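Asker: Numbering of the sequence shown is given in the entry's author numbering, commencing with residue 11 and proceeding in unit increments. Sharing a structure, written as structure tokens. Questions coming.
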Amino acid sequence: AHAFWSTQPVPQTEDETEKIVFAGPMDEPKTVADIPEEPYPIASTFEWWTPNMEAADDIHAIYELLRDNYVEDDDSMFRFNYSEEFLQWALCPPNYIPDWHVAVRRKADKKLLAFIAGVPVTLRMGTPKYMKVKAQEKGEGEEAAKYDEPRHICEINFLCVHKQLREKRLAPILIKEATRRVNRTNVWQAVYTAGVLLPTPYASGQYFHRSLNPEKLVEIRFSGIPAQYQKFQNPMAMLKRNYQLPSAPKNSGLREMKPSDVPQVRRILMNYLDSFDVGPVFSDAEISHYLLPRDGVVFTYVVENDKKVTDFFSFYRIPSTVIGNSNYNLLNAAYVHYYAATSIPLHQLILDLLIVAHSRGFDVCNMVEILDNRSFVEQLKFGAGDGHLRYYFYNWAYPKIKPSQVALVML
Ligand SMILES: CCCCCCCCCCCCCC(=O)SCCNC(=O)CCNC(=O)[C@H](O)C(C)(C)COP(=O)(O)OP(=O)(O)OC[C@H]1O[C@@H](n2cnc3c(N)ncnc32)[C@H](O)[C@@H]1OP(=O)(O)O
Ligand SMILES: CN1CCC(N(C)c2nc(N(C)CCC#N)c3sccc3n2)CC1
Ligand SMILES: CN1CCC(N(C)c2nc(N(C)CCC#N)c3sccc3n2)CC1
Ligand SMILES: [Mg+2]
């Protein structure tokens, strides 16, 4: 059933995943010296290419590949159109490794055919709370705690094969080469997400959506008008009214995050993320990188009253190409990123996210039910979508956890 994934150090079934008590590696210990120095073999008509994702023109070449060939829905109505500025942000965080950005080109004429990208993350990925209690009940604490320390691992994203090269087994070769390049830097685990079900997720969450421009969402068929609204004289007017928002934020002291906020936003975020079983650890440099405002890419606001920052939220932008329509070419989506509330309820903080995103011309706000995102779904009028996001590890046994015990946002 999985000619590639059955060869890899990942749990092969749910049954297997059910026997997993403790976090730890799946493969035997190996060293950098054990890993092939030479690139993985590839057909003589292709070549490996390492783009420089801080050079405008190489970011542009990867941007076109993804614009034309990255994830689309099954009805081929929407395809992600991550921007060039977003891709430099996402793939060049502090201490990134250029060699973990891996592309395939056709040698003759240099057509770009495939891509995959790794970036560093420091991740808490030790045994989860409910399995540390089982370990205590059995006298097994020391082996449950072995990998408690945050680990410096690889986060994988942006795997893409050009549509003309699909179903030719190119994705496994690009995954093997990325694994080799990561293992040559003495890193042996990765985390990744996907919509598709592969062997074998450690957590899965549904997507949720909050309409901000319901008339446009209906016009492009992201949304339909729900059947009850047909009982009204003007179903669309009622739908618009349902989802209307204030025109300015309600929290006193909301303002954009500045460099001087980085230590306090790091402290409140890290204290909050500590509470989840799987989550990132960020340095001040990574808080700066991932959360300071960047035009068209990431939007972050703090609540400061009387000189103290007590709360913050962030969202990022991923537009999609609207493939069929005549009135619109683009879907402008805001995604809930990290946040922390210490002075107000989470729903009150996230209402201001929706207000600012709507003011800035976003059409929808999306999120997965990770973090404490379930706590504001109903009041803020999010609905579940049909998608999901599955969380995976490479070379790491891990017990199944609920998505409300995951604190890693994947872009
Ligand atoms: C220590 C360091 C480790 C670093 C590496 C960690 C692992 C990272 C793993 C990557 C994490 C990526 C995270 C993201 O970016 S998720 C986003 C993935 N990208 C897209 O969906 C874009 C649109 N689609 C495509 O570009 C292609 O359809 C792709 C490239 C996805 C597959 O190309 P193609 O359709 O031409 O197929 P093939 O003939 O080459 O290959 C077929 C094999 O590929 C397995 N497959 C299909 N889809 C995925 C998928 N999303 N993750 C992992 N494996 C996938 C499939 O089960 C089969 O294996 P098996 O069933 O036969 O066994
Ligand atoms: C009515 N629904 C069907 C379409 C779903 N939706 C908008 C959606 N959008 C997608 N794209 C690319 C636009 C995402 C946004 N916003 C994709 S990609 C794979 C599945 C998928 N589904 C949302 C629920
Ligand atoms: C690694 N990536 C994490 C985020 C994913 N993403 C932005 C995303 N994915 C979605 N899905 C269902 C997972 C797609 C993949 N892979 C959807 S559904 C509707 C909005 C939406 N946005 C795209 C893949
Ligand atoms: Mg292929």
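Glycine is no exception: its CB is placed at the ideal position from the N, C-alpha and C atoms.
#1: From the DSSP secondary-structure annotation, give me the bridge partner or partners of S214.
#2: Along the chain, which unbroken stretches of the alpha helix (DSSP H) at least 4 residues long are found entirely within the segment 112-140?
#3: Please list, following the chain, all residues that have a C-beta closer than 6 Å to any non-hydrogen atom of ligand 3.
#4: Classify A33 as buried or exposed, calling it buried when 16 or more other Cβ atoms lie within 10 Å of its own Cβ.
#5: Please name the residue or residues paired with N167 in a DSSP beta bridge.
#6: Which residues does DSSP list as the beta-bridge partners of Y345?
#7: Are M141 and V308 closer than 7 Å when you measure CB to CB?
#8: With three or more beta-carbon pairs closer than 8 Å as the criterion, would you say the segment 261-268 touches the segment 293-307?
#9: Would you grab the beta carbon distance between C170 and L76 for me? Rounded to a whole angstrom, and I think it's under 8 Å.
#10: Is it the case that the Cβ atoms of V416 and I380 are separated by a distance below 7 Å?
#11: According to DSSP, is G263 helix, strand or coil?
#12: Please identify the residue among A407, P355 and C164 whose C-alpha is closest to the C-alpha of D382.
#13: For ligand 5, list every residue whose C-beta falls under 6 Å from any of its heavy atoms, going in chain order.
#14: Tell me whether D83 counts as near ligand 2, meaning its Cβ is closer than 6 Å to at least one heavy atom of that ligand.
#15: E24: which of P413, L421 and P409 sits nearest, CA to CA?
#16: Taking DSSP's pairing of strands, which residues face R89 in a bridge?
#17: So, with DSSP's three-state summary, where would you put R194?
#18: How many Å lie between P259 and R327 at the Cα?
#19: Cβ of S214 versus every heavy atom of ligand 2: is any distance shorter than 6 Å?
#20: Terminal residues of the continuous beta strand (DSSP E) containing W110?
#21: State the Cα-Cα distance for the pair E225 and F242, rounded to the nearest angstrom.
#22: Quick one, which of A351, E57, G136 and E165 has its alpha-carbon nearest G151's?
#23: What does the alpha-carbon distance come out to for the pair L279 and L133?
#24: Cβ of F218 within 7 Å of Cβ of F392?
#25: May I have the straight-line CA-CA distance separating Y202 from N244, to the nearest angstrom?
#26: CA-CA distance, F372 and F322?
#27: Quick one: Cα of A213 to Cα of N405, how far?
#28: Using DSSP with H/G/I as helix, E/B as strand and the rest coil, what is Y300?
#29: Using a Cβ-based criterion (distance less than 6 Å to any ligand heavy atom), does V112 qualify as near ligand 1?
#30: Check for me: the beta strand (DSSP E) holding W58 runs from which residue to which?
#31: Beta carbon of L123, beta carbon of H172: below 7 Å?
#32: Excluding the 5 residues preceding and the 5 following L101 in the sequence, name in chain order all residues of the same chain whose CB lies nearer than 7 Å to its CB.
Answerer: Let me lay it out:
#1: In DSSP, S214 forms a bridge with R400.
#2: Counting only runs of 4 or more, we get nothing.
#3: In chain order, the residues with a C-beta atom nearer than 6 Å to some heavy atom of ligand 3 are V81, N167, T203, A204, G205, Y217, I328, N376, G395, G397, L399 and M420.
#4: A buried status is given to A33, since no fewer than 16 other beta-carbon atoms sit within 10 Å of its beta-carbon.
#5: In DSSP, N167 forms a bridge with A127.
#6: Partner(s): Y326 and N376.
#7: By the CB criterion at 7 Å, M141 and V308 fall outside the cutoff.
#8: Touching, yes.
#9: Contact flag correct, Cβ pair sits at about 6 Å.
#10: Between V416 and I380, the C-beta spacing is below 7 Å.
#11: Here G263 sits in coil by DSSP.
#12: The option with the nearest alpha carbon to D382 is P355.
#13: Ligands in the displayed structure: ligand 1, ligand 2, ligand 3 and ligand 4; ligand 5 is not one of them.
#14: Within the cutoff, so yes.
#15: The shortest Cα separation from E24 among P413, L421 and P409 belongs to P409.
#16: The partner list for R89 (beta bridge, DSSP) reads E82 and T331.
#17: In the structure shown, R194 sits in coil (DSSP, three-state: anything other than H, G, I, E or B).
#18: Computed Cα separation, rounded: 19 Å.
#19: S214 Cβ: outside cutoff for every heavy atom of ligand 2.
#20: Judged by DSSP secondary structure, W110 falls outside any beta strand (DSSP E); it is assigned neither H nor E.
#21: Distance between the alpha carbons of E225 and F242 is about 16 Å.
#22: With respect to the C-alpha of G151, the residue from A351, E57, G136 and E165 having the closest C-alpha is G136.
#23: Each residue's Cα considered, the two are about 14 Å apart.
#24: By the CB criterion at 7 Å, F218 and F392 fall inside the cutoff.
#25: So the alpha carbons of these two residues sit roughly 45 Å apart.
#26: Going by the C-alpha atoms only, they are around 20 Å apart.
#27: Straight-line measurement puts the Cα of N405 at about 16 Å from the Cα of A213.
#28: Under the three-state reduction of DSSP output, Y300 falls in the helix class.
#29: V112: no, Cβ never under 6 Å from ligand 1.
#30: That run of the beta strand (DSSP E) goes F56 to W59.
#31: Yes. Within cutoff.
#32: Take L101, set aside five residues on each side of it, and the residues of its chain with a beta-carbon closer than 7 Å to its own are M63, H111, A127 and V129, in chain order.
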